[PDB]
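What follows is a single structure, written as structure tokens, with notes after it.
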Amino acid sequence: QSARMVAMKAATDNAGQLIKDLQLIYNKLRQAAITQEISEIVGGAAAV
Amino acid sequence: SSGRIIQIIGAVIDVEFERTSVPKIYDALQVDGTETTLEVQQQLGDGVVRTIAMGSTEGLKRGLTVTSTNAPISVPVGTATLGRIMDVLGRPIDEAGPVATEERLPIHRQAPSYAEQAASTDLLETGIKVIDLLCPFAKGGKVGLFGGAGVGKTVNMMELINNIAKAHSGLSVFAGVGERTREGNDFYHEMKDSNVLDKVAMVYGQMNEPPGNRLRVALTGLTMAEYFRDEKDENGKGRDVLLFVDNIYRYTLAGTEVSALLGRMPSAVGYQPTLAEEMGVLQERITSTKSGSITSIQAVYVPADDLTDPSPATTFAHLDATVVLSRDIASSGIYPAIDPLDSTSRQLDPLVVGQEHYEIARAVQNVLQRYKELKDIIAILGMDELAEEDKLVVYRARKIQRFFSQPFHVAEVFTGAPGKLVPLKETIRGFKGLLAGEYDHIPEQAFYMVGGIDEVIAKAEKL
Amino acid sequence: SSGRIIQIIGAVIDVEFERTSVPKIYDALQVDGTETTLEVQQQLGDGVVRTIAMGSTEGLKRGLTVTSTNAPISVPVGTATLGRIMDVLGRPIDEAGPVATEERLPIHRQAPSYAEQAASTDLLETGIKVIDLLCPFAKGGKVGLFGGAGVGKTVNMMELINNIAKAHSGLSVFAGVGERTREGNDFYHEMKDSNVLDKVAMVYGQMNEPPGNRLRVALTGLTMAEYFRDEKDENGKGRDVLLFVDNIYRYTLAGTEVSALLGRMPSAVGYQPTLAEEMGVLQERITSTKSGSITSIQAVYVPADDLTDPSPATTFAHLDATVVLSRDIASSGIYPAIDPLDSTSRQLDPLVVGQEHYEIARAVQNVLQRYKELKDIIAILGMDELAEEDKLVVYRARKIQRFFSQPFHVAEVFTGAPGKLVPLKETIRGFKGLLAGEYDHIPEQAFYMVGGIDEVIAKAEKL
Amino acid sequence: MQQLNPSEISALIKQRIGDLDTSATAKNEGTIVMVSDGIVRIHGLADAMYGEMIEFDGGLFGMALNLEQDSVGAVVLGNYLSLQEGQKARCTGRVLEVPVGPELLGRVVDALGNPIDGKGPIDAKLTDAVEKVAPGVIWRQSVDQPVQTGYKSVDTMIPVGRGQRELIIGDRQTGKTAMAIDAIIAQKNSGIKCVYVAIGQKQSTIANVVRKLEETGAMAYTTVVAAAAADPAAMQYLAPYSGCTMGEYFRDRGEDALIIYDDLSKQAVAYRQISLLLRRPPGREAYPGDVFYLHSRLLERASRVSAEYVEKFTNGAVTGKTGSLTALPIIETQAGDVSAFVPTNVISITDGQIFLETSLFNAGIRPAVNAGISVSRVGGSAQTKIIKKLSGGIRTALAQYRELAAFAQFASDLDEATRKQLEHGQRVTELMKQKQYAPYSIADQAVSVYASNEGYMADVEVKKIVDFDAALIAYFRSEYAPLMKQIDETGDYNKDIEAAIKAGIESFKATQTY
Ligand SMILES: Nc1ncnc2c1ncn2[C@@H]1O[C@H](COP(=O)(O)OP(=O)(O)OP(=O)(O)O)[C@@H](O)[C@H]1O
Ligand SMILES: Nc1ncnc2c1ncn2[C@@H]1O[C@H](COP(=O)(O)OP(=O)(O)O)[C@@H](O)[C@H]1O
Ligand SMILES: [Mg+2]
Ligand SMILES: [Mg+2]
């Protein structure tokens with residue numbers, strides 16, 4: 001029982017650290033995508 | 001009088017005219033050298049106009065004479081249209097000789113008024129157990145047929161048109177909207193085998209015709225069906241006509257491409273900025289009235305399997321029902337391959353289908369999602385350590401999935417190709433009996449490749 | 001005849017010319033005031049064209065006079081250019097007097113014909129375990145060091161030059177392209193310590209230089225090598241040509257720098273659209289032909305350490321020998337930090353590499369692949385809660401990683417440990433012995449930062 | 001405010017001040033105006049066509065695609081470096097026609113059909129315009145005529161037949177060209193025609209490919225066009241159309257043919273660059289939207305057609321045969337991002353697709369086809385009766401394997417039917433690898449998979465099953481050579497067939513004890 005609690009606590013810790021990882025990933029990827037379509041728009045508007 | 005070419009850019013055509021007389025939008029423009037034709041897009045002042053060519057671009061030099069028509073395109077409609085395959089210009093392309101009737105009507109028209117709309121909602125049914133159970137429809141509906149990667153959806157649409165033809169003279173026509181040719185060719189072949197041409201006419205957008213042609217074949221078929229339903233016969237009564245679209249997404253993409261060259265910025269995502277207007281124009285022009293019912297089925301393929309781009313959302317803004325499939329269940333030896341968990345019909349209500357039908361659907365879906373939530377324990381622990389609780393549910397889910405089997409009257413030929421179309425009453429009776437566990441003592445194979453409870457029980461006696 | 005300056009933007013210039021005299025697209029244009037020179041790029045027409053400058057853009061006003069040479073950029077060529085340090089103009093920077101020979105050659109030329117390529121089928125042993133194992137070389141091939149900023153693109157090259165230089169005997173050329181001056185000068189002095197200094201020639205086009213200078217910098221050295229390959233030995237042919245590229249990414253970057261000022265459009269990221277064709281033009285004049293053999297090494301900086309960037313992607317279409325670096329491997333302190341997986345070689349042929357080489361390599365990659373896959377779960381779960389064979393393979397792969405870690409003969413500069421040169425036989429035997437598990441009882445530390453397997457034995461028994 | 005036009009040279013202006021007549025010598029020849037990057041603007045020749053060929057004072061050729069109000073933009077075909085303004089050009093009254101005919105089997109030439117082998121001028125008697133419309137649906141025929149690839153999964157899980165549309169997509173160094181030329185290898189006995197299109201690569205690649213073909217002697221019924229990377233983007237943009245014209249030549253003679261592409265993606269990028277230079281509006285990813293239309297209109301040329309069109313082309317000279325022609329486009333993945341615009345467009349077109357995975361090839365698989373996703377919407381209707389019959393069992397075995405693979409990380413907790421499915425599926429995963437340049441007969445993979453279904457692999461260690469199979473093959477080669485002769489002859493299936501096969505399978509076990 002004790003060792004199961006320890007292992008599950010460790011699983012919780014791993015999940016939390018990965019969670020932080022995923023927020024950072026989402027933030028950067030969203031920024032990059034947004035900037036990308038902005039670039040497309042500004043390129044397009046320059047045409048006509 | 002007449003105009004001359006002043007600029008050619010891809011599909012964009014520009015012609016000068018006398019300011020005394022300038023053709024108006026959507027009117028026909030006859031090339032005086034060839035049979036290629038044009039329509040009006042933007043009146044550019046001083047006799048200048050931006051236009052698009054209905055046919056190949058080759059053969060055209062600046063300052064070349066082109067005559068006007070002062071009228072949009074009127075393409076022929078009538079009984080003579082049946083069994084005829086013609087261009088976007090309403091001219092026979094199937095080598096079936098010249099058309100017969102002169103009843104031709106301008107392609108572009110208005111939107112139906114609010115008052116004139118049909119004020120009710122009558123159930124539309126297929127006779128197929130899985131569909132009518134999960135996606136019942138309303139006479140005048142519009143259903144999306146998503147994806148397609150395990151078997152030909154065309155088989156299913158042919159089944160539907162079998163249902164319609166054997167059902168009524170409520171007409172139906174499919175239009176090739178970005179169809180890859182083999183579909184249309186073979187399709188045609190089984191059509192003339194079934195000899196259903198006396199109920200259908202045909203047009204192809206072939207990904208090769210000018211984008212305007214492939215963009216306006218939609219309006220072409222729309223107008224044809226519009227008349228044909230609105231053609232009241234012997235009763236002051238119109239039929240219930242169904243139309244089929246190879247892919248509206250092809251139309252959307254075509255319009256998206258063409259929009260920019262008009263000097264128009266694209267949508268935010270890059271699509272045509274005018275997708276919604278034209279799309280909804282189509283949709284409201286697809287509506288049952290007090291004069292017959294207008295309904296359509298649209299085989300849609302989601303780009304990149306993402307539903308967040310504007311096009312699928314716009315479809316949902318009109319999708320009366322959503323039918324998705326899976327290659328896996330098709331590989332499960334299942335004819336429909338219908339998604340019983342992510343295909344829905346808006347008209348799925350204890351009123352429109354009745355409370356009993358609604359709740360039976362509820363019960364079936366609950367059994368199925370219980371099975372899927374069971375699959376984890378099923379795989380991990382096996383089948384034994386789980387007590388008989390929910391094991392009857394597993395049996396029910398499996399025998400329901402196998403019960404989903406309707407031998408199609410055209411099915412790649414495994415069961416003699418029969419048309420089941422068992423009445424919904426028998427279907428619901430059998431399904432509720434299965435949910436109850438009345439025949440939970442009978443193998444799923446008894447439900448496999450069979451229709452009614454008579455069929456299931458006779459199969460169980462056989463196996 | 002002469003021209004006059006009419007506009008100045010950045011580093012791109014435009015000039016007025018007499019209707020009679022419009023120089024060809026590639027000519028030297030001397031500033032009639034200074035030493036500054038110009039190359040034509042665009043025929044802007046109407047007696048006016050566009051050009052760039054080589055050297056400082058300052059001290060330049062409008063209306064000032066410029067002549068034409070009626071000759072493109074043709075630079076001194078021949079062995080009298082060896083052991084010398086030239087500018088982008090091929091002029092001495094070492095201040096060792098003007099070059100001796102008088103032969104000139106235009107920097108521009110078409111690619112050699114298809115009927116002239118050669119089958120570079122000659123291997124090479126270097127002494128670096130990962131390289132000679134995973135990337136067999138063809139004497140005459142293209143060798144690129146895919147890597148980010150500070151991954152060891154220069155170091156990996158210096159050590160190879162050491163080994164390659166000492167293992168070779170004949171022609172060799174270097175061309176500094178847009179890099180730190182300090183490293184270049186240090187390399188020059190190191191070469192001066194050697195004596196093949198004579199055998200080689202120096203030219204530096206560095207980051208400090210204006211982008212106009214930064215652009216057509218490789219042309220010089222590549223043309224040099226092309227000559228020397230075509231420069232046939234009496235009663236013989238050209239010699240083995242040693243070529244070394246220093247961040248062609250700099251050339252790409254300059255092309256990006258100039259495109260907008262060129263009236264050009266912005267690629268999907270912002271590059272010049274013409275980047276692909278210019279890269280191909282560049283690469284195609286680089287080949288070992290029926291005449292002579294040309295061995296080329298490429299420094300490949302990777303922007304933001306991304307592969308999916310257009311430029312690396314195009315680059316793979318050019319490199320038979322691909323070597324890629326990683327940041328995380330260096331983050332682990334492993335020097336060098338070359339990734340086993342992506343770096344590949346078309347010389348990896350069982351009929352070429354010998355059966356055992358091929359199969360041992362394949363097994364190694366397989367082991368690493370499973371280890372990388374299981375990294376996720378082992379990060380999530382406890383390492384202990386896994387199958388025993390899984391854990392065994394994990395330790396195997398980790399010891400493999402360590403066994404790759406090698407000291408290099410120039411790397412002792414930041415460490416002090418003496419570099420190694422490991423014969424391929426030792427490598428093969430040691431890796432096979434590891435894959436045999438002959439060492440599962442051996443601490444993993446015994447493999448870190450080592451050379452041959454005997455060194456591993458000594459380290460382990462020491463430990 | 002309007003900006004400058006490429007027509008405002010004071011020379012022209014003064015001419016207009018002088019006179020307003022003699023319009024460009026009746027537009028018979030223009031004059032150079034703007035020159036940059038293979039793109040030239042010219043004044044005059046308003047009579048010419050979009051797509052009309054143009055001669056030049058340099059004795060060169062080019063293709064204008066922009067008929068402005070008063071100017072025309074044109075692209076070079078060869079090297080434009082030898083040009084200057086003030087020169088002139090003339091309309092040829094014609095569009096590109098490339099030589100057509102079966103005089104090039106074992107011959108490689110340029111995008112304009114020019115001898116690059118250096119084996120003398122190519123003999124030619126017939127030419128066709130490069131741009132041609134697709135035939136009419138009235139002229140088609142249902143596709144059921146088989147095609148072979150010699151691959152375990154492919155020739156079984158992904159049927160290929162004459163006239164279809166199939167994509168192979170993957171990353172660099174995955175076997176893209178390995179499979180294509182392998183099919184070319186597969187045609188050695190099929191006795192049909194096939195042609196390859198080079199697309200913007202290094203010549204050395206082409207030379208090595210050609211050398212391997214000659215090693216196989218495949219470049220005896222074969223023709224290939226070269227579009228090197230250094231080549232002008234014009235040729236690199238056009239050549240595939242010329243190849244399709246080549247193929248259609250034979251299809252209009254009612255013979256079986258194949259055309260193969262090398263990453264049309266490069267071609268698309270080049271075209272985007274070009275069209276950009278036309279000052280044309282850039283859409284998503286800067287591509288003009290028409291790119292889909294441009295590709296599709298090229299790809300629909302491939303088909304299987306009615307015999308009726310055959311005789312009408314021959315004027316009834318030949319009628320017993322039917323025209324067909326198949327193709328394989330090639331697209332690269334970018335980190336396998338299938339949602340990428342261009343390949344997404346491609347998918348909307350083909351009859352199916354083939355996916356490869358790098359984590360399979362590095363695992364030693366070649367080609368490591370991703371069977372999980374790759375499909376052939378045509379179906380086994382173009383596959384032989386026997387192979388189509390055997391297909392379903394393997395299909396469902398792999399289905400089960402991939403389905404239960406979620407918990408495959410530990411086989412210690414499941415029931416034992418799961419273990420049986422695991423072992424059978426992993427064994428079927430085995431037997432899938434294949435060496436390159438090895439034209440596996442239908443008999444080969446047929447008996448292999450049959451023995452698989454007969455547990456005859458379910459009784460031998462998976463590590464050796466490859467040697468198992470190779471032995472089985474050679475064993476049969478020694479003994480049952482007439483049997484496999486019949487097998488690869490027919491493609492049907494019978495019960496004496498199965499008995500002798502099974503008897504033969506027993507014999508190998510009895511004769512050699514694998
Ligand atoms: N069945 C096979 N067995 C072993 N090796 C194979 C097999 N098929 C292909 N290969 C190898 O794959 C290597 C790389 O693939 P290949 O060069 O044939 O074409 P590709 O996938 O288009 O890659 P690229 O053009 O980028 O180099 C080749 O050197 C070839 O020997
Ligand atoms: N062979 C090596 N082994 C260990 N550390 C090294 C090695 N080479 C370089 N380092 C360190 O890594 C740094 C980066 O090397 P370098 O080749 O100059 O990178 P860049 O790609 O930016 O030119 C070096 O300055 C040195 O400190
Ligand atoms: Mg660096
Ligand atoms: Mg390739």
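Note on naming: chains are A, B, ... as they come in the structure tokens, residues start from 1 per chain, ligands start from 1 in the order shown.
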List all protein, DNA and RNA residues that have any atom at most 6 Å from ligand 3, counting only C-alpha atoms and all ligand atoms, and write the list as a VMD selection string.
-> chain C and resid 149 to 150 153 to 154
For the selection just defined, write its residues with C-alpha atoms to a file, as an mmCIF file, in the first residue's frame.
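Output below, filename out.cif:
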```cif
data_model
loop_
_atom_site.group_PDB
_atom_site.id
_atom_site.type_symbol
_atom_site.label_atom_id
_atom_site.label_comp_id
_atom_site.auth_asym_id
_atom_site.auth_seq_id
_atom_site.Cartn_x
_atom_site.Cartn_y
_atom_site.Cartn_z
ATOM 1 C CA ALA C 149 24.207 27.862 -33.831
ATOM 2 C CA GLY C 150 26.995 26.692 -31.536
ATOM 3 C CA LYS C 153 29.842 23.153 -37.069
ATOM 4 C CA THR C 154 33.288 24.761 -37.158
#
```
Which residues of chain C have any atom within 12 Å of an atom in ligand 4 when counting only C-alpha atoms and all ligand atoms, and what is the closest pair of atoms for each, with the distance in Å to one decimal? Order the rows by chain and rising number and write it as a Markdown table.
```
| residue | atom | partner | partner_atom_place_in_ligand_line | distance |
| --- | --- | --- | --- | --- |
| C:316 | CA | ligand 4 | 1 (Mg) | 10.9 |
| C:317 | CA | ligand 4 | 1 (Mg) | 8.6 |
| C:318 | CA | ligand 4 | 1 (Mg) | 11.3 |
| C:320 | CA | ligand 4 | 1 (Mg) | 11.5 |
| C:346 | CA | ligand 4 | 1 (Mg) | 11.1 |
```
Which residues are near ligand 1 in this structure, taking near to mean any atom at most 7 Å from a ligand atom and counting only C-alpha atoms and all ligand atoms? Format them as a PDB file with N, CA and C atoms, in the first residue's frame.
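New file selection11.pdb:
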```
ATOM      1  N   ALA C 317      18.159  17.765 -50.763  1.00  0.00           N
ATOM      2  CA  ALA C 317      18.093  17.384 -52.165  1.00  0.00           C
ATOM      3  C   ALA C 317      19.441  17.562 -52.846  1.00  0.00           C
ATOM      4  N   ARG C 346      24.038   7.635 -48.685  1.00  0.00           N
ATOM      5  CA  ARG C 346      23.667   6.720 -49.749  1.00  0.00           C
ATOM      6  C   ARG C 346      24.751   5.696 -50.034  1.00  0.00           C
ATOM      7  N   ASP C 349      25.567   0.732 -48.304  1.00  0.00           N
ATOM      8  CA  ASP C 349      25.176  -0.346 -49.198  1.00  0.00           C
ATOM      9  C   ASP C 349      25.839  -1.654 -48.785  1.00  0.00           C
TER      10      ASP C 349
ATOM     11  N   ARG D 172      12.374  12.374 -46.806  1.00  0.00           N
ATOM     12  CA  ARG D 172      13.580  12.128 -47.588  1.00  0.00           C
ATOM     13  C   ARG D 172      14.182  10.767 -47.258  1.00  0.00           C
ATOM     14  N   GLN D 173      14.782  10.136 -48.263  1.00  0.00           N
ATOM     15  CA  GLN D 173      15.409   8.824 -48.112  1.00  0.00           C
ATOM     16  C   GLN D 173      14.489   7.819 -47.425  1.00  0.00           C
ATOM     17  N   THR D 174      13.368   7.513 -48.071  1.00  0.00           N
ATOM     18  CA  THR D 174      12.402   6.568 -47.523  1.00  0.00           C
ATOM     19  C   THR D 174      12.101   5.447 -48.512  1.00  0.00           C
ATOM     20  N   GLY D 175      12.525   5.633 -49.757  1.00  0.00           N
ATOM     21  CA  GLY D 175      12.302   4.644 -50.794  1.00  0.00           C
ATOM     22  C   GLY D 175      11.322   5.116 -51.850  1.00  0.00           C
ATOM     23  N   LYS D 176      11.167   6.433 -51.958  1.00  0.00           N
ATOM     24  CA  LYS D 176      10.257   7.019 -52.934  1.00  0.00           C
ATOM     25  C   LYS D 176      10.564   6.509 -54.339  1.00  0.00           C
ATOM     26  N   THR D 177      11.813   6.671 -54.760  1.00  0.00           N
ATOM     27  CA  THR D 177      12.241   6.228 -56.081  1.00  0.00           C
ATOM     28  C   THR D 177      12.461   4.720 -56.102  1.00  0.00           C
ATOM     29  N   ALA D 178      12.719   4.151 -54.929  1.00  0.00           N
ATOM     30  CA  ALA D 178      12.950   2.717 -54.807  1.00  0.00           C
ATOM     31  C   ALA D 178      11.727   1.926 -55.260  1.00  0.00           C
ATOM     32  N   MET D 179      10.549   2.371 -54.834  1.00  0.00           N
ATOM     33  CA  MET D 179       9.306   1.703 -55.200  1.00  0.00           C
ATOM     34  C   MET D 179       8.950   1.944 -56.650  1.00  0.00           C
ATOM     35  N   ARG D 366      11.921  -1.558 -45.452  1.00  0.00           N
ATOM     36  CA  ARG D 366      12.070  -0.831 -46.706  1.00  0.00           C
ATOM     37  C   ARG D 366      11.315  -1.522 -47.834  1.00  0.00           C
ATOM     38  N   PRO D 367      10.270  -0.860 -48.352  1.00  0.00           N
ATOM     39  CA  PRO D 367       9.726   0.365 -47.757  1.00  0.00           C
ATOM     40  C   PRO D 367       8.805   0.066 -46.578  1.00  0.00           C
ATOM     41  N   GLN D 434      11.189  -6.606 -47.464  1.00  0.00           N
ATOM     42  CA  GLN D 434      11.508  -6.981 -48.832  1.00  0.00           C
ATOM     43  C   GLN D 434      12.745  -6.228 -49.291  1.00  0.00           C
ATOM     44  N   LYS D 435      13.664  -6.951 -49.915  1.00  0.00           N
ATOM     45  CA  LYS D 435      14.858  -6.313 -50.445  1.00  0.00           C
ATOM     46  C   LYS D 435      14.495  -5.582 -51.732  1.00  0.00           C
ATOM     47  N   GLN D 436      15.272  -4.547 -52.036  1.00  0.00           N
ATOM     48  CA  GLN D 436      15.075  -3.767 -53.249  1.00  0.00           C
ATOM     49  C   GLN D 436      15.660  -4.511 -54.449  1.00  0.00           C
TER      50      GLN D 436
END
```
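Here atom CA of residue B:148 is placed at a distance of 20.3 Å from atom CA of residue D:402.
Using only C-alpha atoms and all ligand atoms as the basis for the distance check, residues found within 7 Å of ligand 2 are residues 147, 148, 149, 150, 151, 152, 153, 154, 155, 156, 301, 334, 335, 336, 407, 408, 411 and 414 of chain C.
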Exercise. Got a sec: who's within 10 Å of residue C:26, counting only C-alpha atoms, leaving out chain neighbours fewer than 4 positions off, as an NGL selection string?
Worked result: (:C and (38-42 or 51 or 70-73 or 106-108)) or (:D and (81))
Next item on the list: Using only C-alpha atoms, determine which residues of chain C fall within 8 Å of chain D; present them as an MDAnalysis selection string.
Entry: chainID C and resid 22 24:25 41:46 111 114:115 117:118 265 267:268 273:274 277:278 280:281 284 308 316:318 341 362 365:366 369 387
Emit the selected residues as a short mmCIF file (atom, residue, chain, number, x, y, z; two decimals), in the first residue's frame, including N, CA, C and O atoms.
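Saved the output as out32.cif:
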```
data_model
loop_
_atom_site.label_atom_id
_atom_site.label_comp_id
_atom_site.auth_asym_id
_atom_site.auth_seq_id
_atom_site.Cartn_x
_atom_site.Cartn_y
_atom_site.Cartn_z
N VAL C 22 24.21 49.81 -73.19
CA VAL C 22 23.56 49.19 -72.05
C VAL C 22 24.34 47.91 -71.75
O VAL C 22 24.20 46.92 -72.47
N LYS C 24 25.74 44.33 -70.42
CA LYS C 24 25.12 43.04 -70.17
C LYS C 24 24.81 42.87 -68.69
O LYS C 24 25.24 43.65 -67.84
N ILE C 25 24.05 41.81 -68.39
CA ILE C 25 23.52 41.65 -67.04
C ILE C 25 24.60 41.42 -66.00
O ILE C 25 24.36 41.65 -64.82
N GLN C 41 22.22 43.43 -62.11
CA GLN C 41 21.30 42.32 -61.86
C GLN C 41 20.02 42.43 -62.66
O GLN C 41 19.49 41.41 -63.11
N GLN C 42 19.48 43.63 -62.84
CA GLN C 42 18.19 43.79 -63.49
C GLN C 42 18.27 44.82 -64.60
O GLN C 42 18.87 45.89 -64.42
N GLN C 43 17.66 44.51 -65.74
CA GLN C 43 17.56 45.45 -66.85
C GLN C 43 16.30 46.28 -66.65
O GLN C 43 15.23 46.01 -67.22
N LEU C 44 16.42 47.31 -65.81
CA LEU C 44 15.28 48.17 -65.52
C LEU C 44 14.82 48.93 -66.75
O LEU C 44 13.73 49.51 -66.74
N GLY C 45 15.65 49.00 -67.78
CA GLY C 45 15.23 49.52 -69.06
C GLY C 45 15.25 51.04 -69.11
O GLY C 45 15.54 51.73 -68.14
N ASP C 46 14.90 51.53 -70.30
CA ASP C 46 14.85 52.96 -70.59
C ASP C 46 16.14 53.65 -70.16
O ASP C 46 16.13 54.70 -69.50
N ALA C 111 26.18 24.94 -65.62
CA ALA C 111 26.50 23.67 -64.99
C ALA C 111 27.07 22.70 -66.02
O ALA C 111 26.81 22.82 -67.21
N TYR C 114 25.03 16.49 -68.22
CA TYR C 114 24.72 15.16 -67.72
C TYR C 114 25.75 14.14 -68.18
O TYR C 114 26.09 13.21 -67.43
N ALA C 115 26.26 14.30 -69.37
CA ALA C 115 27.20 13.33 -69.90
C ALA C 115 28.55 13.41 -69.25
O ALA C 115 29.50 12.84 -69.79
N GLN C 117 29.05 13.51 -65.43
CA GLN C 117 29.12 13.15 -64.02
C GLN C 117 30.01 11.93 -63.83
O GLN C 117 30.32 11.19 -64.76
N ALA C 118 30.42 11.71 -62.58
CA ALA C 118 31.32 10.61 -62.26
C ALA C 118 30.75 9.76 -61.13
O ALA C 118 30.00 10.26 -60.29
N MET C 265 9.54 39.70 -54.55
CA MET C 265 8.45 39.34 -53.65
C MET C 265 8.98 38.52 -52.48
O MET C 265 10.13 38.06 -52.50
N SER C 267 8.94 35.17 -50.32
CA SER C 267 8.60 33.76 -50.25
C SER C 267 7.55 33.53 -49.16
O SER C 267 6.99 34.47 -48.60
N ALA C 268 7.29 32.26 -48.86
CA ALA C 268 6.34 31.89 -47.82
C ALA C 268 6.81 32.29 -46.42
O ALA C 268 5.98 32.41 -45.52
N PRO C 273 12.13 34.24 -53.70
CA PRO C 273 11.50 33.09 -54.36
C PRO C 273 12.49 32.26 -55.14
O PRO C 273 12.40 31.03 -55.17
N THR C 274 13.46 32.91 -55.74
CA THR C 274 14.52 32.35 -56.56
C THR C 274 15.54 31.57 -55.76
O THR C 274 16.55 31.14 -56.34
N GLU C 277 16.28 27.88 -57.11
CA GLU C 277 17.02 27.79 -58.36
C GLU C 277 18.45 28.26 -58.19
O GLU C 277 19.37 27.69 -58.78
N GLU C 278 18.67 29.31 -57.40
CA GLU C 278 20.03 29.79 -57.22
C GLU C 278 20.85 28.78 -56.43
O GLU C 278 22.03 28.56 -56.74
N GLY C 280 20.39 25.55 -56.51
CA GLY C 280 20.69 24.49 -57.45
C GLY C 280 21.79 24.87 -58.42
O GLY C 280 22.69 24.07 -58.70
N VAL C 281 21.73 26.09 -58.95
CA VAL C 281 22.78 26.58 -59.83
C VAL C 281 24.12 26.50 -59.13
O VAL C 281 25.11 26.00 -59.67
N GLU C 284 25.24 22.75 -58.68
CA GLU C 284 25.51 21.95 -59.87
C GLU C 284 26.90 22.20 -60.44
O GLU C 284 27.50 21.28 -61.00
N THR C 308 12.41 21.79 -40.70
CA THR C 308 11.33 22.10 -41.63
C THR C 308 11.48 23.46 -42.29
O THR C 308 10.62 23.83 -43.09
N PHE C 316 18.83 19.02 -48.39
CA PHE C 316 18.92 17.57 -48.46
C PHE C 316 18.89 17.07 -49.89
O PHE C 316 19.53 16.07 -50.22
N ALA C 317 18.16 17.76 -50.76
CA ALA C 317 18.09 17.38 -52.16
C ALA C 317 19.44 17.56 -52.85
O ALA C 317 19.58 17.30 -54.04
N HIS C 318 20.44 18.01 -52.10
CA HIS C 318 21.74 18.33 -52.66
C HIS C 318 22.87 17.52 -52.06
O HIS C 318 23.95 17.44 -52.65
N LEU C 341 20.48 9.14 -36.05
CA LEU C 341 19.38 8.74 -36.92
C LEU C 341 19.42 9.47 -38.25
O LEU C 341 19.68 8.86 -39.30
N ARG C 362 22.53 -1.45 -38.65
CA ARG C 362 21.07 -1.52 -38.58
C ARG C 362 20.60 -1.91 -37.19
O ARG C 362 19.69 -1.29 -36.64
N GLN C 365 20.91 1.06 -34.78
CA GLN C 365 19.84 2.04 -34.93
C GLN C 365 18.54 1.51 -34.35
O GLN C 365 17.77 2.25 -33.74
N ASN C 366 18.29 0.22 -34.54
CA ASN C 366 17.08 -0.39 -34.01
C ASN C 366 17.03 -0.25 -32.49
O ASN C 366 15.99 0.14 -31.92
N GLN C 369 16.31 3.19 -31.48
CA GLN C 369 14.94 3.55 -31.79
C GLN C 369 14.01 3.12 -30.67
O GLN C 369 13.18 3.91 -30.19
N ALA C 387 9.52 -4.40 -18.32
CA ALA C 387 10.05 -5.73 -18.60
C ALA C 387 11.57 -5.72 -18.54
O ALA C 387 12.23 -4.73 -18.85
#
```
Checklist entry - If we count only C-alpha atoms, what is near residue B:430 at a cut-off of 12 Å, once residues fewer than 2 positions away on the same chain are taken out, given as number ranges by chain? => result B: 129, 133, 357, 360, 364, 396, 399-400, 403-404, 422-428, 432-440, 447, 450-457
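Atom CA of residue A:31 is positioned 29.2 Å from atom CA of residue C:377.
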Practice task
Please identify all polymer residues within 8 Å of residue B:256, counting only C-alpha atoms, omitting same-chain residues fewer than 6 positions from it, and present them as a list in words.
Solution key: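 Contacts, in chain order: residues 266, 270, 271, 272, 273 and 275 of chain B; 289 of chain D.
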Q) Any idea which chain A residues end up within 7 Å of chain B if we count only C-alpha atoms, as a list in words please? A) residues 44, 45 and 48 of chain A
For chain A versus chain D, which residues have an atom no more than 9 Å away, and what is each residue's nearest atom pair and distance in Å rounded to one decimal, using only C-alpha atoms, chain-then-number order, as CSV?
```
residue,atom,partner,partner_atom,distance
A:37,CA,D:284,CA,8.8
A:40,CA,D:284,CA,6.9
A:41,CA,D:284,CA,8.9
A:43,CA,D:282,CA,7.9
A:44,CA,D:282,CA,6.4
A:47,CA,D:281,CA,6.2
A:48,CA,D:281,CA,8.3
```
